[PDB]
Amino acid sequence: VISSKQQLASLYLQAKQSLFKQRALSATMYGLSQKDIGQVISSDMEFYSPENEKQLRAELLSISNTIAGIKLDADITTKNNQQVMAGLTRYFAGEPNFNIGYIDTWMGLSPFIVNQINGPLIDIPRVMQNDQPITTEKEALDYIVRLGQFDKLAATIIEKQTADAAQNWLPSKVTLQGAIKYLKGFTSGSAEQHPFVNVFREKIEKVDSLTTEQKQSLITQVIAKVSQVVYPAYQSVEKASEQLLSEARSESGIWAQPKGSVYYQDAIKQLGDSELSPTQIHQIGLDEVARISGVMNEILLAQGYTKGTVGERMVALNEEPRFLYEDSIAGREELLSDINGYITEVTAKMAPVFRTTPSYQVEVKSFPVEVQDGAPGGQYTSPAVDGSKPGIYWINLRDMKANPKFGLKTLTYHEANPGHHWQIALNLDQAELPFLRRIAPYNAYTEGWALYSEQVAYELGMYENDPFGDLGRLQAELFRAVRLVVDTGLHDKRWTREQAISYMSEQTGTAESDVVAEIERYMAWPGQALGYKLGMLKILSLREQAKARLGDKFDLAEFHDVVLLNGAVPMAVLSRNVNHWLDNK
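So the sequence shown is residues 24 to 96, 98 to 609, counted in PDB author numbering.
Following this line, the structure appears as structure tokens:
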């Protein structure tokens with residue numbers, strides 16, 4: 024007789040193994056192998072045909088529904105595993121009435137399989153160049169074998185984009201044009217000088233168990249796949265995408281798709297972790313912009329900056345030499361030293377309220393020169409589960425004007441500690457949880473936590489004697505409030521791209537070219553921008569409930585342990601855990 028607990032564990036395992044077998048590049052990203060997946064995936068490719076996507080989603084939805092129906096005969101953790109794992113399997117199944125798009129192991133259902141910012145043709149090369157080990161002849165051969173399957177990757181991607189277009193689901197012209205530009209850029213240089221080759225050359229050079237001739241032969245093999253398989257595959261998709269441009273819509277938001285409003289309401293649930301209407305979320309955005317702006321005005325006035333909007337004033341500050349690193353090797357070294365100093369200081373000073381140290385140490389890297397033009401200002405990538413590849417805070421050193429000194433502390437807290445690295449690494453350390461719970465990509469939790477972290481860094485005194493850094497923190501908070509306004513603007517209120525750009529520029533003092541990339545991101549990722557503030561507001565609301573309940577018995581360190589040590593979760597589960605803690609005090 025299989026107990027309910029045993030049936031549930033099998034289901035959670037089945038979810039893990041099935042998702043990752045079909046998302047073998049995500050498996051590589053996390054450093055998973057046959058021990059984790061139940062089969063070797065190290066040279067497997069991902070495929071995206073209509074039938075692939077249908078079967079993947081149907082399996083996960085079946086698992087979700089079976090998990091949800093089981094009667095436990098159990099502690100809060102066992103109950104929470106059921107609820108979280110039913111939710112996560114539904115998140116990766118996607119909205120069951122939409123067969124469009126593709127399932128992303130981070131974002132869940134994602135609407136445009138080919139787009140300008142992510143999707144398999146952007147992310148699979150990134151994983152292969154960054155996360156896939158090349159330390160042995162066998163690992164080199166896995167890289168070659170993967171490259172050789174790019175023809176099928178491309179044909180299945182086109183088949184899915186075509187299926188979606190047959191149902192009148194396709195990207196806006198802007199989104200499609202941005203995808204084309206990427207795809208053209210990918211094959212614009214010679215194959216022999218492609219990053220797939222150059223990365224391979226740099227890694228294979230380090231391998232002492234291969235003779236120089238053996239290394240040369242493998243490099244030739246890589247060049248052959250890139251030239252013969254990769255290049256025509258990308259060209260194929262570029263041409264297909266070009267064919268779709270005339271049908272692509274001029275409208276910017278997801279409302280313009282068939283059933284787009286229903287899609288967006290689902291995105292709000294999955295990525296904002298909210299059941300509020302787009303109207304209510306928009307208004308919360310407007311109120312937060314007013315509130316944060318008003319705070320920043322006061323600080324500005326006190327520094328003698330009394331003319332113009334908050335945004336104008338922040339633009340003016342970004343021009344002053346005291347806020348700009350030199351555009352030189354030494355200036356970039358200064359920036360990197362400053363970052364490293366910020367991490368060291370906060371990690372030490374934060375210990376009284378972050379009393380559990382995760383088993384992974386973060387590292388800082390600059391985006392390579394080849395990718396920095398399209399890359400974000402900063403990003404965090406998770407460690408491999410085993411620690412063999414570190415968590416990394418990536419920083420974009422392309423333009424010093426884009427790295428004003430007053431914005432670096434908040435970015436650094438957000439990406440590293442007490443933000444993404446601290447949270448993600450702690451979640452990975454919860455080895456008693458079902459595996460998908462250890463990497464659960466709850467956007468509102470994950471982004472809301474990191475934005476909350478930025479405020480906690482202030483409450484720990486990281487901006488002592490630093491009013492301009494504090495303004496940088498508040499500017500970053502303001503930016504995320506603007507996100508509530510512009511994402512709901514575009515996708516429900518039918519704001520155009522240009523109206524959203526103008527609003528965001530005017531409200532935040534951010535440079536137009538950065539704003540253009542953000543608004544186009546929001547257009548490709550409806551709802552994703554909502555997680556940051558909705559999650560932060562909920563964490564803070566919970567904290568305020570706890571402080572009211574406990575009074576002078578409130579301990580922020582305990583609150584942090586309840587929020588972090590139970591992993592990334594839906595807000596409803598985070599509230600249940602806070603309440604369990606309050607009830608037992």
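Where is the CB? At the ideal position from N, CA and C, for every residue including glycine.
Residue range of the alpha helix (DSSP H) that includes residue i
i      : result
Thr405 : Unbroken run through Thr405 is the beta strand (DSSP E), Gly402 to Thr405; no alpha helix (DSSP H).
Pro73  : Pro73 to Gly92
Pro491 : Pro491 to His515
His604 : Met595 to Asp607
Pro302 : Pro302 to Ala326
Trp279 : Counting along the chain, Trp279 falls outside any alpha helix (DSSP H), and DSSP gives it neither H nor E.
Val586 : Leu580 to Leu588
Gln294 : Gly284 to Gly296
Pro256 : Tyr255 to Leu268
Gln447 : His444 to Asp453
8 Å contact criterion, which residue i and residue j should meet: CB distance rounded
i      : j      : result
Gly296 : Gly551 : 6 Å
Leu112 : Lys103 : Actually they do not touch by this definition, with Cβ atoms about 15 Å apart.
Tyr71  : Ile146 : Actually they do not touch by this definition, with Cβ atoms about 13 Å apart.
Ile141 : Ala500 : The Cβ separation is near 20 Å, so there is no contact.
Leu84  : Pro120 : 6 Å
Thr211 : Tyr258 : 5 Å
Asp155 : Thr51  : 6 Å
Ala468 : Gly555 : 4 Å
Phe220 : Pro144 : The pair is not a contact, with the Cβ atoms about 15 Å apart (cut-off 8 Å).
Cut-off 6 Å between Cβ atoms - residues of its own chain near residue i, not counting five sequence neighbours on either side
i      : result
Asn342 : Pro428
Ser49  : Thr129
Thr371 : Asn441
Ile563 : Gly472 and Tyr476
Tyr349 : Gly355, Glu358, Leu359 and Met424
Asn420 : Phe391, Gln396, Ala399 and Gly401
N- and C-terminal bounds of the beta strand (DSSP E) containing residue i
i      : result
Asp538 : No beta strand (DSSP E) contains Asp538, which is instead part of the alpha helix (DSSP H) from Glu536 to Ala548.
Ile141 : Note, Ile141: premise wrong, no beta strand (DSSP E); not H, not E.
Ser390 : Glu387 to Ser390
Close beta carbons around residue i, own chain, < 7 Å, minus the five adjacent residues each side
i      : result
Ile124 : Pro135, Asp188, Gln191 and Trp193
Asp290 : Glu119
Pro157 : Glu163
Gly61  : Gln40
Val319 : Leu498
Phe116 : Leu42, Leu83, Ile127 and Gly132
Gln107 : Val597
Three-state class that DSSP yields for residue i in the structure shown
i      : result
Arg273 : strand
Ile25  : coil
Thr532 : helix
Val393 : coil
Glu336 : helix
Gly213 : coil
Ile463 : coil
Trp519 : coil
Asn364 : helix
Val221 : helix
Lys239 : helix
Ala468 : helix
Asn105 : helix
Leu234 : coil
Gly559 : helix
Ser526 : helix
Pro345 : helix
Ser383 : coil
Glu456 : coil
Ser251 : helix
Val409 : coil
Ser477 : helix
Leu484 : coil
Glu357 : helix
Other residues of its chain near residue i: CB distance less than 8 Å, five sequence neighbours each side excluded
i           : result
residue 616 : Lying outside 24 to 609, the shown extent of the chain, residue 616 is not represented and no answer is given.
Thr368      : none
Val506      : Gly309, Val313, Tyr527, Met528, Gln531 and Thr532
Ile316      : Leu498, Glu501, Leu502 and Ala505
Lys239      : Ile228, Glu229 and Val231
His306      : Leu508, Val509, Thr512, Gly513, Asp516 and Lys517
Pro414      : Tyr384, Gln385, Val386, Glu387 and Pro407
Closer than 7 Å to chain B by CB, residue i
i      : result
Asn105 : Absent here is chain B; the protein component of the structure consists of one chain.
Length-filtered (3 minimum) beta strand (DSSP E) runs lying within the region 108-195: 126-128 and 132-134
Segments of 4+ residues assigned as alpha helix (DSSP H) that fall wholly inside the region 411-439: 429-439
Run through the region 29-70 for me and flag every whole alpha helix (DSSP H) of 4 or more residues, listed as ranges in chain order. 47-53 and 57-60
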